[PDB]
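No value in this document is a laboratory result; all are computed from the given coordinates. Note that we place each Cβ from the backbone using ideal geometry, even for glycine, and neighbour counts take in every protein chain shown.
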């Protein structure tokens, strides 16, 4: 699925075919599988800039994630929840989803793909209101510490964010 | 900068803030002055300058 | 005195006997849109309203045609 | 009532005045005729409707089920009667009364909501019955009758702001302040829009946004808009719903008349044909024009007619009679002259006029102490 979506080809059948993946995964009753398929499909609607059903279906996914286990999966959807309220420019719900992902991910050693994205988005939250660029520069600096030597577009946009803030 | 993120607004506020420092620099000694004497310093049109000033 | 109010009020009862509840109901056709709306505003709105009740009432639909012609 | 027959029965205004839009408006009314005992509303506005051929078919079926479910509420009321209970008789009387809102007759619903208004065990249930008069008072467009129970249910609440009860009443404050033309006290009412929601009892949330964009868009200034809404993220969420609204905020705030008048015809045609929003459509236009002309004319002392005609994208002949009507009629500023064919204001409205704003109250207090002199000795 991820290697099929990174090709960036024929995105019209991708979202419907992903709905056939959630349909098939529910047909064989694989709950965590279709939770992952919604977890990537909501990133597809984030890439499509369709903020209605991404926040709606993602929120209904939060209704079955707040009850269930796998707290690290909640960090993905509260992270991208912060991405979609920031993309809609809503600061308190982005700070609340951010802080909820922080107090969810405080016990879990996250991968630096997920661990650094908290502070990467957090610097855009604080320097979105431009409260303190010392703290925000700490967020893009530690974000650069997370994206160092793992991905070169992410690194050049990381130093773009350091020189930016 | 066409693939620039939402922070283009922050870059534009940096531009307009340096414009503000320009305006509070050159206008500040001047009670009454020509608009092209004072825009000839910055060699820019008076339209957007008039809009930002009057704004 | 206030007893000279009495023949003036006989004139008023002749005015109310001109039309019997024809103007209260028909002018209440305008009052039912106008009741509890502050009538100092209804003098301005009545002023420009009655000013444009003759011609060019809405007229903002026409200004887009006034662009190329003027 | 709180049924969707409120909003379908709210389409009768746009069904009424044009003959153009009365096709879909009669379409969902005829389709909605089988719903919520719709018989007596379209029988009432049937003069505003079609002929009597297919009309007399379904009236005979609705009229008998009317009395059937009515007498089941009556016998169910009697079985709720002669028995120990309050909320059983409250809800039997109340469902009877909402059924009387379904037929659309507040004769039996006035006395029925009056009886369960006397069976209110708490004031919260009383405010619920109050709102049950407000939702049909919206269709009925009474003024004092629906402000009476909110005036009396206003005092002595003492139970805190509830989640959509108190919010629902605050929305109703938005309702009658859409009805009335008081606006600067209507500017506080939509401030709960963080907490307002899709209310199918009265009004959709996006229609709540669509109606509060007018009172904000006209009735508020740039410190007011920059304070409340340009700062606020709530409009930053819902601006993505319609691209027009973002133009009517950003181009108006950006003071671009050549596009705002090009798009203002949609505010004009949208502004009419509306239930509670119709009769003031003359006022919002003119008030918005003078507020825009004061917006440009505030920061500008002298103004050529060339840059002005370029700014508005209109001929000079119209702005000629505009501001001439806005000296006396609009009453914006000091006298404008055409000896040089150039807009020139003076506006000495700060120094001495800041003191002479009080000579009006000095003369009004002077006549009021003449009234105090009229108290003397008799």
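Measure nothing fancy, just the Cα-based angle from helix A:11-27's long axis to the longest principal axis of chain A, in degrees from 0 to 90, nearest 10.
Approximately 60 degrees, to the nearest 10.
Could you work out the percent of alpha carbon pairs in the stretch D:1-146 separated by over 29 Å, rounded to a whole number? Please report the intermediate quantities before stating the final value.
Values: 2472 of 10585 pairs.
Value for the stretch D:1-146 (Cα pairs over 29 Å): 23 percent.
Between residue A:103 and residue A:28, what's the calculated FRET efficiency when r is the beta-carbon distance and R0 is 25 Å? Round to 0.05. Could the numbers behind the result be given before it?
Details: r = 34 Å, r/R0 = 1.38.
For residue A:103 and residue A:28, the calculated efficiency is 0.15.
Using only the alpha-carbon atoms, how far is helix D:106-118 inclined from the longest principal axis of chain D? Give it as 0 to 90 degrees, nearest 10.
That helix lies at roughly 80 degrees to the long axis.
With r as the distance between the Cβ atoms of residue D:144 and residue C:53 and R0 = 30 Å, compute the FRET efficiency 1/(1 + (r/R0)^6) and round to 0.05.
Numbers: r = 29 Å, r/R0 = 0.96.
It comes to 0.55.
Rank the residues D:325, D:90, D:72 as a footprinting-exposure proxy: fewest other Cβ atoms within 10 Å of their Cβ go first. Provide the component values of the computation, followed by the final result.
Working: D:325 15, D:90 21, D:72 12.
Ranking D:325, D:90, D:72 by Cβ neighbours within 10 Å, fewest first, gives D:72, D:325, D:90.
What does the structure give for C:56-67 when I average, per residue, the other chain Cβ atoms found within 10 Å of the residue Cβ?
Values: counts 0, 1, 8, 3, 9, 4, 1, 10, 7, 0, 6, 7.
Neighbouring Cβ atoms belonging to other protein chains average 5 per residue here.
So how do A:77, D:339 line up by other beta-carbon neighbours within 10 Å, fewest first?
Working: A:77 23, D:339 6.
Going from sparsest to densest Cβ surroundings: D:339, A:77.
If we sort D:55-66, A:80-91 on the protection proxy, mean other Cβ atoms within 10 Å, highest first, what's the order? All intermediate terms of the calculation are to be shown ahead of the outcome.
Working: D:55-66: 12.6, A:80-91: 20.5.
With the highest mean Cβ count within 10 Å placed first, the list reads A:80-91, D:55-66.
What is the helix-to-structure angle for D:205-219, meaning the angle in degrees between its Cα long axis and the longest Cα principal axis of chain D, kept from 0 to 90 and rounded to the nearest 10?
Relative to chain D, helix D:205-219 is tipped by roughly 30 degrees.
Consider all pairwise Cα distances in the protein assembly as shown and report the whole-number % of them above 50 Å.
Numbers: 72169 of 222778 pairs.
When all Cα pairs of the protein assembly as shown are counted, 32 percent exceed 50 Å.
When only C-alpha pairs under 8 Å and at least 6 residues apart count, what is the relative contact order of chain D, in percent?
On the way: 270 pairs, mean separation 46.4, N = 378.
The normalised contact order for chain D reaches 12 percent.
Can you give the average number of partner chain beta-carbon atoms within 10 Å of each beta-carbon in peptide C:35-47, as a whole number?
Mean number of neighbouring Cβ atoms from other chains: 4.
With the cut-off at 13 Å, report for the stretch C:7-63 the share of all Cα pairs above it, as a whole percent. Walk me through the numbers on the way to the answer.
Details: 1169 of 1596 pairs.
Of all Cα-Cα pairs in the stretch C:7-63, 73 percent lie more than 13 Å apart.
Assuming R0 = 60 Å, what is the FRET efficiency of residue A:47 and residue D:47, from their Cβ-Cβ distance, to the nearest 0.05? Please list the in-between numbers first.
Values: r = 56 Å, r/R0 = 0.93.
Once the sixth-power term is evaluated, E becomes 0.60.
On average, how many beta carbons from a partner chain sit within 10 Å of the beta carbon of a residue in D:276-287? The partial results should precede the final answer.
On the way: counts 0, 0, 1, 7, 4, 1, 9, 7, 0, 5, 6, 4.
Taking all residues of D:276-287 together, the mean is 4.
What nm value, rounded to one decimal, do you get for the distance between residue B:6 and residue D:231 when each label is placed 7 Å out toward the C-beta?
1.9 nm
Ranked highest first by the average count of other Cβ atoms within 10 Å around their residues, in what order do D:264-275, A:144-155 fall? Please list the in-between numbers first.
Values: D:264-275: 16.8, A:144-155: 14.3.
The densest-packed peptide leads the list: D:264-275, A:144-155.
Hey, rough spin-label estimate for residue C:46 and residue C:22, points 7 angstrom out along Cα→Cβ, what's it come to in nanometres?
A separation of 2.1 nm, rounded to one decimal place.
Just want the ordering: B:2, D:331, from fewest to most Cβ atoms lying within 10 Å of their own Cβ.
Details: B:2 4, D:331 10.
By the 10 Å Cβ count, ascending: B:2, D:331.
Using Cα-only point scatterers and the Debye equation, what is log10 of I(q)/I(0) for chain D at each q in 0.12, 0.14 Å⁻¹, rounded to two decimals?
Here the Debye-derived log intensity ratios amount to -1.07, -1.25.
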